[PDB]
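What follows is the content of my_file_25.tsv, which has TSV, C-alpha atoms:
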```tsv
chain	number	residue	atom	x	y	z
F	1	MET	CA	-13.72	-61.06	-99.58
F	2	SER	CA	-15.81	-64.10	-100.35
F	3	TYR	CA	-18.21	-62.38	-102.71
F	4	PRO	CA	-17.60	-60.68	-106.04
F	5	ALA	CA	-17.20	-56.91	-106.09
F	6	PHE	CA	-20.82	-56.16	-106.94
F	7	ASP	CA	-20.01	-52.51	-107.46
F	8	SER	CA	-17.20	-53.18	-110.00
F	9	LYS	CA	-17.33	-52.61	-113.77
F	10	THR	CA	-15.66	-55.97	-114.29
F	11	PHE	CA	-18.23	-57.89	-112.27
F	12	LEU	CA	-21.29	-56.25	-113.80
F	13	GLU	CA	-19.97	-56.75	-117.34
F	14	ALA	CA	-19.05	-60.37	-116.53
F	15	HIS	CA	-22.52	-61.13	-115.19
F	16	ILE	CA	-24.23	-59.50	-118.13
F	17	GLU	CA	-21.99	-61.47	-120.47
F	18	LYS	CA	-22.88	-64.77	-118.81
F	19	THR	CA	-26.58	-63.92	-118.95
F	20	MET	CA	-26.31	-63.04	-122.64
F	21	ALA	CA	-24.57	-66.36	-123.17
F	22	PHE	CA	-27.52	-68.28	-121.64
F	23	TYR	CA	-29.92	-66.86	-124.28
F	24	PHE	CA	-27.59	-66.54	-127.30
F	25	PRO	CA	-27.70	-68.19	-129.75
F	26	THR	CA	-30.51	-70.51	-128.55
F	27	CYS	CA	-33.30	-67.88	-128.56
F	28	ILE	CA	-32.82	-67.18	-132.26
F	29	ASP	CA	-35.59	-68.70	-134.33
F	30	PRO	CA	-34.13	-69.18	-137.83
F	31	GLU	CA	-37.75	-68.90	-139.01
F	32	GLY	CA	-38.13	-65.47	-137.44
F	33	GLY	CA	-38.13	-63.72	-134.07
F	34	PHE	CA	-37.10	-65.36	-130.83
F	35	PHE	CA	-37.99	-68.44	-128.87
F	36	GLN	CA	-39.47	-67.25	-125.61
F	37	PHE	CA	-39.73	-70.24	-123.27
F	38	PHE	CA	-36.57	-71.54	-121.68
F	39	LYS	CA	-35.82	-74.28	-119.22
F	40	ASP	CA	-33.14	-73.81	-116.56
F	41	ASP	CA	-30.66	-75.75	-118.74
F	42	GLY	CA	-31.34	-73.53	-121.79
F	43	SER	CA	-33.82	-75.85	-123.50
F	44	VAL	CA	-36.62	-74.25	-125.45
F	45	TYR	CA	-39.73	-75.87	-123.98
F	46	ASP	CA	-42.29	-74.04	-126.12
F	47	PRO	CA	-41.00	-72.84	-129.56
F	48	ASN	CA	-44.31	-71.68	-130.92
F	49	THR	CA	-46.02	-69.42	-128.43
F	50	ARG	CA	-44.81	-65.86	-128.57
F	51	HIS	CA	-45.62	-62.77	-126.62
F	52	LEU	CA	-45.15	-59.15	-127.56
F	53	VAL	CA	-43.36	-58.45	-124.24
F	54	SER	CA	-40.60	-61.01	-124.93
F	55	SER	CA	-40.47	-60.01	-128.60
F	56	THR	CA	-39.67	-56.43	-127.60
F	57	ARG	CA	-37.61	-57.22	-124.53
F	58	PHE	CA	-35.23	-59.42	-126.54
F	59	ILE	CA	-34.75	-56.46	-128.84
F	60	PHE	CA	-33.74	-54.49	-125.78
F	61	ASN	CA	-31.34	-57.31	-124.82
F	62	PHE	CA	-29.43	-57.56	-128.05
F	63	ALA	CA	-29.45	-53.83	-128.73
F	64	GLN	CA	-28.07	-52.94	-125.29
F	65	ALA	CA	-25.47	-55.71	-125.59
F	66	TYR	CA	-24.40	-54.33	-128.95
F	67	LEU	CA	-24.16	-50.80	-127.60
F	68	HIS	CA	-21.89	-51.98	-124.77
F	69	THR	CA	-19.78	-54.78	-126.29
F	70	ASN	CA	-19.95	-53.65	-129.89
F	71	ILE	CA	-20.26	-57.32	-130.97
F	72	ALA	CA	-21.73	-57.36	-134.49
F	73	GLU	CA	-23.90	-60.45	-134.26
F	74	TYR	CA	-25.79	-58.78	-131.38
F	75	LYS	CA	-26.82	-56.00	-133.72
F	76	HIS	CA	-27.86	-58.75	-136.13
F	77	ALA	CA	-30.03	-60.42	-133.49
F	78	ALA	CA	-31.58	-57.07	-132.54
F	79	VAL	CA	-32.42	-56.38	-136.18
F	80	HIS	CA	-33.78	-59.90	-136.63
F	81	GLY	CA	-35.98	-59.04	-133.65
F	82	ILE	CA	-37.15	-55.76	-135.14
F	83	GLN	CA	-38.09	-57.60	-138.34
F	84	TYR	CA	-40.22	-60.07	-136.40
F	85	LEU	CA	-41.78	-57.21	-134.48
F	86	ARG	CA	-42.87	-55.34	-137.57
F	87	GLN	CA	-43.86	-58.15	-139.93
F	88	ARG	CA	-45.52	-60.58	-137.55
F	89	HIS	CA	-46.61	-58.56	-134.52
F	90	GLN	CA	-47.52	-55.29	-136.18
F	91	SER	CA	-50.99	-55.84	-137.55
F	92	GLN	CA	-53.43	-54.06	-139.81
F	93	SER	CA	-54.77	-51.45	-137.43
F	94	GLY	CA	-51.38	-50.23	-136.27
F	95	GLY	CA	-51.86	-52.26	-133.09
F	96	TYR	CA	-49.64	-55.17	-132.07
F	97	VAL	CA	-50.51	-58.82	-131.63
F	98	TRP	CA	-50.30	-59.56	-127.88
F	99	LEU	CA	-50.03	-63.32	-128.17
F	100	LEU	CA	-49.52	-65.68	-131.10
F	101	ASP	CA	-48.82	-69.30	-132.11
F	102	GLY	CA	-47.20	-69.74	-135.50
F	103	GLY	CA	-49.30	-68.11	-138.18
F	104	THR	CA	-52.26	-67.82	-135.81
F	105	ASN	CA	-53.01	-64.91	-133.49
F	106	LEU	CA	-54.13	-65.98	-130.02
F	107	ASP	CA	-54.69	-62.54	-128.55
F	108	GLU	CA	-55.06	-59.32	-130.52
F	109	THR	CA	-56.08	-57.10	-127.61
F	110	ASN	CA	-54.26	-53.80	-127.45
F	111	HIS	CA	-52.38	-53.36	-124.20
F	112	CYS	CA	-50.81	-50.03	-123.29
F	113	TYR	CA	-48.10	-52.05	-121.53
F	114	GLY	CA	-47.24	-53.67	-124.86
F	115	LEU	CA	-47.16	-50.33	-126.66
F	116	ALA	CA	-44.71	-49.00	-124.06
F	117	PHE	CA	-42.38	-51.88	-124.73
F	118	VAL	CA	-42.86	-51.37	-128.48
F	119	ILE	CA	-41.61	-47.79	-128.02
F	120	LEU	CA	-38.72	-49.05	-125.87
F	121	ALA	CA	-37.71	-51.51	-128.58
F	122	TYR	CA	-37.89	-48.81	-131.28
F	123	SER	CA	-35.69	-46.51	-129.17
F	124	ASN	CA	-33.09	-49.23	-129.03
F	125	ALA	CA	-33.43	-49.83	-132.78
F	126	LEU	CA	-32.75	-46.15	-133.33
F	127	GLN	CA	-29.69	-46.01	-131.08
F	128	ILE	CA	-28.15	-48.93	-132.97
F	129	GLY	CA	-28.67	-46.97	-136.21
F	130	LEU	CA	-32.02	-47.81	-137.73
F	131	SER	CA	-32.63	-44.18	-138.68
F	132	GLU	CA	-36.24	-45.03	-139.39
F	133	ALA	CA	-37.02	-45.89	-135.78
F	134	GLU	CA	-37.28	-42.18	-134.98
F	135	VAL	CA	-40.40	-42.21	-137.13
F	136	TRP	CA	-41.65	-45.53	-135.70
F	137	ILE	CA	-41.38	-44.11	-132.19
F	138	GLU	CA	-43.21	-41.08	-133.43
F	139	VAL	CA	-45.91	-43.24	-135.01
F	140	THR	CA	-46.44	-45.37	-131.94
F	141	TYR	CA	-46.60	-42.40	-129.64
F	142	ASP	CA	-49.49	-41.03	-131.70
F	143	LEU	CA	-51.29	-44.36	-131.69
F	144	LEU	CA	-51.17	-44.02	-127.94
F	145	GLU	CA	-52.15	-40.37	-127.98
F	146	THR	CA	-55.14	-41.15	-130.14
F	147	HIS	CA	-56.33	-44.20	-128.27
F	148	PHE	CA	-54.85	-44.46	-124.75
F	149	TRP	CA	-53.91	-40.97	-123.63
F	150	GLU	CA	-56.37	-39.67	-121.08
F	151	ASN	CA	-55.58	-35.96	-120.92
F	152	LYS	CA	-57.96	-35.09	-118.10
F	153	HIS	CA	-56.08	-37.45	-115.74
F	154	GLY	CA	-52.64	-37.15	-117.27
F	155	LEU	CA	-52.43	-40.93	-117.49
F	156	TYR	CA	-52.84	-43.75	-119.99
F	157	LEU	CA	-55.64	-46.28	-119.71
F	158	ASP	CA	-54.76	-49.95	-119.82
F	159	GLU	CA	-56.38	-51.83	-122.67
F	160	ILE	CA	-58.68	-51.55	-125.68
F	161	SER	CA	-60.07	-54.51	-127.65
F	162	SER	CA	-58.66	-55.46	-131.07
F	163	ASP	CA	-61.46	-53.67	-132.99
F	164	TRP	CA	-60.56	-50.47	-131.05
F	165	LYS	CA	-64.17	-50.25	-129.86
F	166	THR	CA	-64.44	-51.64	-126.34
F	167	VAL	CA	-62.40	-49.79	-123.72
F	168	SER	CA	-61.60	-51.61	-120.51
F	169	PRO	CA	-62.87	-49.95	-117.31
F	170	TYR	CA	-59.53	-50.93	-115.78
F	171	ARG	CA	-56.88	-48.36	-114.94
F	172	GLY	CA	-53.49	-49.46	-113.71
F	173	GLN	CA	-50.23	-47.95	-112.57
F	174	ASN	CA	-48.12	-50.53	-114.44
F	175	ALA	CA	-48.67	-49.38	-117.98
F	176	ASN	CA	-47.86	-45.83	-116.88
F	177	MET	CA	-44.67	-46.88	-115.13
F	178	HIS	CA	-43.24	-48.72	-118.11
F	179	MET	CA	-44.58	-45.99	-120.33
F	180	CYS	CA	-42.58	-43.43	-118.36
F	181	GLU	CA	-39.50	-45.56	-118.70
F	182	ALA	CA	-40.00	-46.08	-122.42
F	183	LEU	CA	-40.43	-42.38	-123.03
F	184	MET	CA	-37.15	-41.65	-121.22
F	185	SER	CA	-35.48	-44.15	-123.57
F	186	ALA	CA	-37.13	-42.30	-126.44
F	187	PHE	CA	-35.87	-38.94	-125.21
F	188	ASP	CA	-32.31	-40.27	-124.95
F	189	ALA	CA	-32.50	-41.77	-128.42
F	190	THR	CA	-34.16	-38.81	-130.14
F	191	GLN	CA	-33.70	-35.83	-127.83
F	192	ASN	CA	-37.30	-34.89	-128.72
F	193	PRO	CA	-38.26	-33.07	-125.45
F	194	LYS	CA	-41.92	-33.99	-126.03
F	195	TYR	CA	-41.18	-37.43	-124.70
F	196	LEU	CA	-39.26	-36.30	-121.64
F	197	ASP	CA	-42.15	-33.98	-120.82
F	198	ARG	CA	-44.63	-36.85	-120.99
F	199	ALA	CA	-42.34	-39.05	-118.87
F	200	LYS	CA	-42.17	-36.38	-116.19
F	201	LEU	CA	-45.95	-35.88	-116.26
F	202	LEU	CA	-46.53	-39.62	-115.80
F	203	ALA	CA	-43.94	-39.65	-113.02
F	204	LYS	CA	-45.73	-36.79	-111.25
F	205	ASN	CA	-49.18	-38.29	-111.71
F	206	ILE	CA	-48.34	-41.74	-110.43
F	207	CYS	CA	-45.77	-40.90	-107.78
F	208	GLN	CA	-47.55	-37.83	-106.40
F	209	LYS	CA	-51.22	-37.72	-107.30
F	210	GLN	CA	-52.11	-41.40	-107.51
F	211	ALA	CA	-49.77	-42.20	-104.60
F	212	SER	CA	-51.49	-39.71	-102.24
F	213	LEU	CA	-54.64	-41.82	-102.49
F	214	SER	CA	-53.01	-44.36	-100.29
F	215	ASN	CA	-52.42	-44.34	-96.54
F	216	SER	CA	-48.67	-44.99	-96.82
F	217	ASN	CA	-48.38	-42.81	-99.92
F	218	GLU	CA	-47.00	-45.80	-101.81
F	219	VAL	CA	-48.01	-46.62	-105.41
F	220	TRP	CA	-50.99	-48.97	-105.52
F	221	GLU	CA	-51.50	-51.15	-108.60
F	222	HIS	CA	-55.20	-51.03	-109.33
F	223	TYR	CA	-57.48	-48.08	-110.05
F	224	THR	CA	-61.05	-47.58	-111.25
F	225	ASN	CA	-61.77	-45.73	-114.50
F	226	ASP	CA	-62.11	-42.65	-112.25
F	227	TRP	CA	-58.48	-43.26	-111.30
F	228	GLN	CA	-59.79	-43.72	-107.77
F	229	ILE	CA	-58.26	-46.56	-105.77
F	230	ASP	CA	-59.77	-49.99	-106.30
F	231	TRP	CA	-59.33	-51.91	-103.04
F	232	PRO	CA	-52.31	-59.47	-107.47
F	233	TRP	CA	-53.52	-57.64	-104.32
F	234	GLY	CA	-51.41	-55.36	-102.14
F	235	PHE	CA	-48.44	-53.10	-102.51
F	236	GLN	CA	-45.73	-54.40	-104.78
F	237	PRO	CA	-42.24	-53.46	-103.38
F	238	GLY	CA	-40.68	-53.98	-106.78
F	239	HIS	CA	-42.75	-51.18	-108.27
F	240	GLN	CA	-41.96	-48.86	-105.37
F	241	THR	CA	-38.22	-49.36	-105.90
F	242	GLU	CA	-38.61	-49.37	-109.67
F	243	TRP	CA	-40.28	-45.99	-109.34
F	244	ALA	CA	-37.46	-44.74	-107.08
F	245	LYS	CA	-35.12	-45.63	-109.93
F	246	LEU	CA	-37.24	-43.87	-112.55
F	247	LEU	CA	-37.43	-40.71	-110.37
F	248	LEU	CA	-33.65	-40.57	-109.98
F	249	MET	CA	-33.18	-41.17	-113.69
F	250	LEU	CA	-35.57	-38.27	-114.39
F	251	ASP	CA	-33.81	-36.18	-111.75
F	252	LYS	CA	-30.61	-36.38	-113.74
F	253	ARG	CA	-32.29	-35.49	-117.02
F	254	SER	CA	-34.70	-32.78	-115.95
F	255	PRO	CA	-34.35	-32.09	-112.18
F	256	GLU	CA	-37.23	-31.56	-109.74
F	257	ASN	CA	-36.87	-30.97	-106.01
F	258	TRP	CA	-39.35	-33.70	-104.90
F	259	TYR	CA	-37.70	-36.49	-106.96
F	260	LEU	CA	-34.97	-37.48	-104.50
F	261	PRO	CA	-37.03	-37.28	-101.31
F	262	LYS	CA	-39.81	-39.33	-102.94
F	263	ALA	CA	-37.34	-41.94	-104.29
F	264	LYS	CA	-35.77	-42.00	-100.85
F	265	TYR	CA	-39.17	-42.44	-99.20
F	266	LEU	CA	-40.54	-45.20	-101.47
F	267	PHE	CA	-37.34	-47.19	-101.32
F	268	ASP	CA	-36.92	-46.94	-97.53
F	269	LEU	CA	-40.54	-47.90	-96.95
F	270	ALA	CA	-40.63	-50.74	-99.53
F	271	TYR	CA	-37.33	-52.29	-98.54
F	272	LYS	CA	-38.08	-52.11	-94.84
F	273	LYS	CA	-41.48	-53.71	-95.32
F	274	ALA	CA	-40.45	-56.45	-97.75
F	275	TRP	CA	-36.98	-57.56	-96.75
F	276	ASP	CA	-36.95	-61.07	-95.38
F	277	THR	CA	-34.68	-60.60	-92.34
F	278	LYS	CA	-34.17	-64.34	-91.73
F	279	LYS	CA	-33.60	-65.85	-95.18
F	280	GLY	CA	-32.97	-62.72	-97.28
F	281	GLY	CA	-34.44	-60.99	-100.33
F	282	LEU	CA	-37.60	-58.98	-100.93
F	283	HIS	CA	-41.00	-60.55	-100.71
F	284	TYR	CA	-43.38	-60.02	-103.60
F	285	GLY	CA	-46.18	-58.12	-101.90
F	286	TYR	CA	-47.48	-56.74	-98.62
F	287	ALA	CA	-50.78	-55.23	-97.46
F	288	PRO	CA	-51.31	-51.49	-96.84
F	289	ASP	CA	-51.26	-53.01	-93.40
F	290	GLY	CA	-47.57	-53.72	-94.02
F	291	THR	CA	-48.22	-57.42	-93.45
F	292	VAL	CA	-46.37	-59.56	-96.00
F	293	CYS	CA	-49.12	-61.30	-97.93
F	294	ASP	CA	-47.08	-62.95	-100.71
F	295	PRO	CA	-43.65	-64.10	-99.61
F	296	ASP	CA	-42.33	-65.41	-102.92
F	297	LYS	CA	-39.07	-63.98	-104.17
F	298	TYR	CA	-39.04	-62.72	-107.78
F	299	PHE	CA	-35.98	-61.83	-109.86
F	300	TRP	CA	-37.16	-58.52	-111.22
F	301	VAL	CA	-37.92	-57.23	-107.69
F	302	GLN	CA	-34.37	-57.99	-106.52
F	303	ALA	CA	-32.92	-56.40	-109.63
F	304	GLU	CA	-35.01	-53.22	-109.85
F	305	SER	CA	-34.32	-52.79	-106.13
F	306	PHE	CA	-30.54	-52.98	-106.41
F	307	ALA	CA	-30.66	-50.49	-109.32
F	308	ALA	CA	-32.76	-48.13	-107.19
F	309	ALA	CA	-30.37	-48.66	-104.28
F	310	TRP	CA	-27.33	-47.83	-106.37
F	311	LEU	CA	-28.87	-44.66	-107.69
F	312	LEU	CA	-29.91	-43.69	-104.17
F	313	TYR	CA	-26.40	-44.23	-102.94
F	314	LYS	CA	-24.94	-42.07	-105.71
F	315	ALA	CA	-27.55	-39.37	-105.02
F	316	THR	CA	-27.14	-39.21	-101.26
F	317	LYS	CA	-23.81	-40.88	-100.40
F	318	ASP	CA	-25.75	-42.39	-97.56
F	319	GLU	CA	-23.83	-45.65	-96.96
F	320	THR	CA	-27.10	-47.27	-95.97
F	321	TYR	CA	-28.05	-47.62	-99.62
F	322	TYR	CA	-24.63	-49.00	-100.54
F	323	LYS	CA	-25.01	-51.63	-97.82
F	324	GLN	CA	-28.50	-52.49	-99.06
F	325	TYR	CA	-27.20	-52.78	-102.60
F	326	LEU	CA	-24.70	-55.34	-101.27
F	327	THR	CA	-27.44	-57.22	-99.41
F	328	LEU	CA	-29.59	-57.46	-102.54
F	329	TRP	CA	-26.67	-58.66	-104.64
F	330	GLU	CA	-25.66	-61.17	-101.92
F	331	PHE	CA	-29.13	-62.67	-101.80
F	332	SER	CA	-29.19	-62.72	-105.61
F	333	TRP	CA	-25.79	-64.36	-106.02
F	334	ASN	CA	-26.67	-67.01	-103.44
F	335	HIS	CA	-30.21	-67.83	-104.67
F	336	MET	CA	-31.46	-66.19	-107.90
F	337	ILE	CA	-28.59	-66.62	-110.27
F	338	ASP	CA	-27.98	-69.94	-112.06
F	339	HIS	CA	-24.19	-70.27	-111.89
F	340	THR	CA	-24.13	-73.31	-114.15
F	341	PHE	CA	-26.18	-72.18	-117.15
F	342	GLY	CA	-26.38	-68.43	-116.57
F	343	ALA	CA	-29.19	-65.87	-116.16
F	344	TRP	CA	-31.59	-65.51	-113.24
F	345	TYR	CA	-34.04	-67.96	-111.75
F	346	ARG	CA	-37.47	-66.42	-112.04
F	347	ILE	CA	-38.95	-67.22	-108.66
F	348	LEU	CA	-38.26	-68.86	-105.29
F	349	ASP	CA	-40.60	-69.61	-102.39
F	350	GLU	CA	-40.31	-68.41	-98.74
F	351	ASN	CA	-37.45	-70.80	-98.20
F	352	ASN	CA	-35.52	-69.85	-101.34
F	353	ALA	CA	-36.54	-73.07	-103.10
F	354	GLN	CA	-37.30	-73.03	-106.83
F	355	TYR	CA	-40.84	-73.96	-107.77
F	356	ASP	CA	-39.75	-75.62	-111.00
F	357	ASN	CA	-37.19	-75.51	-113.81
F	358	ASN	CA	-38.75	-72.80	-115.97
F	359	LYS	CA	-35.92	-70.22	-116.04
F	360	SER	CA	-37.66	-67.88	-118.54
F	361	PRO	CA	-41.28	-68.32	-119.70
F	362	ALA	CA	-42.72	-65.68	-122.07
F	363	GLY	CA	-42.22	-62.24	-120.58
F	364	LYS	CA	-38.79	-62.86	-119.09
F	365	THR	CA	-35.73	-62.21	-121.24
F	366	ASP	CA	-33.69	-61.01	-118.28
F	367	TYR	CA	-34.40	-57.52	-119.50
F	368	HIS	CA	-34.83	-56.55	-115.86
F	369	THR	CA	-31.53	-57.86	-114.52
F	370	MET	CA	-29.38	-56.81	-117.44
F	371	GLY	CA	-31.07	-53.42	-117.47
F	372	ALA	CA	-30.35	-52.96	-113.76
F	373	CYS	CA	-26.71	-53.85	-114.29
F	374	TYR	CA	-26.51	-51.45	-117.31
F	375	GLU	CA	-27.80	-48.52	-115.34
F	376	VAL	CA	-25.45	-49.11	-112.44
F	377	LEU	CA	-22.75	-49.32	-115.14
F	378	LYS	CA	-23.56	-45.86	-116.49
F	379	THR	CA	-22.68	-44.44	-113.06
F	380	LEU	CA	-19.23	-46.10	-113.26
```

Let me see the file written as structure tokens.
Amino acid sequence: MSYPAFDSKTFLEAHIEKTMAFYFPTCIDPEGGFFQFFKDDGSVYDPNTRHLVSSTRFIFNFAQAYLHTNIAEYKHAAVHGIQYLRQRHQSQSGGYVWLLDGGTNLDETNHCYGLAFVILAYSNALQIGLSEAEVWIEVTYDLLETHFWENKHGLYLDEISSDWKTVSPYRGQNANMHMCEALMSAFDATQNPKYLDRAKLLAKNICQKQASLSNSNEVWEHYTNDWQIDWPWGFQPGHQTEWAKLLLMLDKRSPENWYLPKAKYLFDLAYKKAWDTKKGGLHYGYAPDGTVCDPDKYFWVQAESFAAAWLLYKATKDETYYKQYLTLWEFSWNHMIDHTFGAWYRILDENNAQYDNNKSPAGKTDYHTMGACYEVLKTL
């Protein structure tokens, strides 16, 4: 054995701990919230600009770490995060500031994607004991119901302007994926079956209905306001495998006989199309053609895929998925993970070369990789 035991509790916990150590305590802004732009070495390289997605995802980080390690200062960092979320990001209209610099808002557009992560963050707040979050979740859900929920399609639209008056013609799978995920987190935290029912409806609508609109029956990213397919461009493997994971997670909460075959199908297809057989890892995107059309290697794709693989292996006992889990971890250990400073590199080229030394710009808190580890951990 020349690799770590990627399927061991010890390894997964060790890796999470080293990733946590890259961000803590550097990301803490004594002024409020978190710094969101980190160099490979840990340096903050932009202390002012903040994005709702990192503001919420860091809440996920510290909350999950507290739930697993029971280290008190992690609960403190999560609460610090919640405070920043509610006092700085949560504006007037109930909507959340998308992007901001100091006391100035840069972008006040309402993104459904953002709202999903706001719900995710409130779930985590609740599970670490902020009793009030149950209400916050409940509030945010209705903001979405009122403004984003599109009952005749069973999906959420993507964005509305800050005034709440101009709706974007754009429809996208992404907001619905993360929305589904968030609502599962909400169901676990609250047991309110409303949320689980919405998660399963989103799952059905994206993975069955919207998927059927494609040749390969894979989930396409971009849709018209009809929710017809609008021809980044191409299929995104990471979202196929991410969906596989979500389906299996739903299949353990509220079973459905198409979940496992669909997860199985999406993963097999995505992995086979996107795995770089010479240098390793999954490419970022391929055409409906199946031609790889963006060969860069992203962290979240590797991570969501090894979570999906692990779940698939537990579900089927097919040793294929175990082996693929090991391949994804091997590639990751050898190329994505900074063994000096901790946490994952964001992106490599074709040849597994870094593009630069920006470990985590806004958006990346290593929510994806720690989350993937956490869910494999539940199965152990």

Quiz item: Skipping near chain neighbours, those fewer than 5 positions away, what residues fall within 9 Å of residue 315 (chain F) using all atoms listed in the file, listed as an NGL selection string?
Solution: :F and (248 or 260 or 310)

Practice problem: Please indicate the distance in Å from CA of residue 96 (chain F) to CA of residue 195 (chain F), rounded to one decimal place. | Solution: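 Taking CA of residue 96 (chain F) as the start and CA of residue 195 (chain F) as the end point, the length is 21.0 Å.
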
Practice problem: For residue 302 (chain F), list every protein, DNA or RNA residue within 8 Å, evaluated using all atoms listed in the file, and leave out those in the same chain fewer than 6 positions away; present the list as an NGL selection string. | Solution: :F and (238 or 281-282 or 328-329 or 332)

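Each of F:287, F:106, F:157, F:202 was checked against residue 224 (chain F) using all atoms listed in the file; the smallest atom-to-atom distance is that of F:157.
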
Practice problem: Give the answer as one residue: which of F:330, F:102, F:137, F:380 has the shortest atom-to-atom distance to residue 2 (chain F), using all atoms listed in the file? | Solution: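 Nearest candidate to residue 2 (chain F) out of F:330, F:102, F:137, F:380: F:330.
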
Practice problem: Write out as a ChimeraX atom specification which residues come within 9 Å of residue 216 (chain F) when counting all atoms listed in the file, dropping same-chain ones fewer than 5 positions away. | Solution: /F:211,269,288

Can you complete the atoms of region 171-184 of chain F to N, CA and C atoms and list them as a PDB file, in the frame of the given file?
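The result, written out as result.pdb:
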```
ATOM      1  N   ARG F 171     -58.031 -49.257-114.903  1.00  0.00           N
ATOM      2  CA  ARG F 171     -56.880 -48.360-114.940  1.00  0.00           C
ATOM      3  C   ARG F 171     -55.813 -48.952-114.032  1.00  0.00           C
ATOM      4  N   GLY F 172     -54.565 -48.868-114.468  1.00  0.00           N
ATOM      5  CA  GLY F 172     -53.490 -49.460-113.710  1.00  0.00           C
ATOM      6  C   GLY F 172     -52.248 -48.610-113.749  1.00  0.00           C
ATOM      7  N   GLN F 173     -51.475 -48.680-112.677  1.00  0.00           N
ATOM      8  CA  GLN F 173     -50.230 -47.950-112.570  1.00  0.00           C
ATOM      9  C   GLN F 173     -49.152 -48.488-113.519  1.00  0.00           C
ATOM     10  N   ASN F 174     -49.169 -49.801-113.723  1.00  0.00           N
ATOM     11  CA  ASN F 174     -48.120 -50.530-114.440  1.00  0.00           C
ATOM     12  C   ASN F 174     -47.788 -50.033-115.847  1.00  0.00           C
ATOM     13  N   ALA F 175     -48.842 -49.856-116.629  1.00  0.00           N
ATOM     14  CA  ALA F 175     -48.670 -49.380-117.980  1.00  0.00           C
ATOM     15  C   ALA F 175     -48.029 -47.996-117.936  1.00  0.00           C
ATOM     16  N   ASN F 176     -48.446 -47.170-116.987  1.00  0.00           N
ATOM     17  CA  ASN F 176     -47.860 -45.830-116.880  1.00  0.00           C
ATOM     18  C   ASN F 176     -46.406 -45.832-116.414  1.00  0.00           C
ATOM     19  N   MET F 177     -46.056 -46.766-115.547  1.00  0.00           N
ATOM     20  CA  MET F 177     -44.670 -46.880-115.130  1.00  0.00           C
ATOM     21  C   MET F 177     -43.767 -47.210-116.315  1.00  0.00           C
ATOM     22  N   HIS F 178     -44.095 -48.299-116.996  1.00  0.00           N
ATOM     23  CA  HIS F 178     -43.240 -48.720-118.110  1.00  0.00           C
ATOM     24  C   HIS F 178     -43.310 -47.714-119.251  1.00  0.00           C
ATOM     25  N   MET F 179     -44.445 -47.032-119.349  1.00  0.00           N
ATOM     26  CA  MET F 179     -44.580 -45.990-120.330  1.00  0.00           C
ATOM     27  C   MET F 179     -43.608 -44.859-120.061  1.00  0.00           C
ATOM     28  N   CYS F 180     -43.515 -44.455-118.792  1.00  0.00           N
ATOM     29  CA  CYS F 180     -42.580 -43.430-118.360  1.00  0.00           C
ATOM     30  C   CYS F 180     -41.166 -43.799-118.705  1.00  0.00           C
ATOM     31  N   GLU F 181     -40.823 -45.041-118.388  1.00  0.00           N
ATOM     32  CA  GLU F 181     -39.500 -45.560-118.700  1.00  0.00           C
ATOM     33  C   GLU F 181     -39.185 -45.521-120.195  1.00  0.00           C
ATOM     34  N   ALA F 182     -40.165 -45.965-120.983  1.00  0.00           N
ATOM     35  CA  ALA F 182     -40.000 -46.080-122.420  1.00  0.00           C
ATOM     36  C   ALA F 182     -39.760 -44.716-123.001  1.00  0.00           C
ATOM     37  N   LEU F 183     -40.534 -43.747-122.523  1.00  0.00           N
ATOM     38  CA  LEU F 183     -40.430 -42.380-123.030  1.00  0.00           C
ATOM     39  C   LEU F 183     -39.100 -41.726-122.642  1.00  0.00           C
ATOM     40  N   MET F 184     -38.528 -42.082-121.481  1.00  0.00           N
ATOM     41  CA  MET F 184     -37.150 -41.650-121.220  1.00  0.00           C
ATOM     42  C   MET F 184     -36.149 -42.243-122.220  1.00  0.00           C
TER      43      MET F 184
END
```
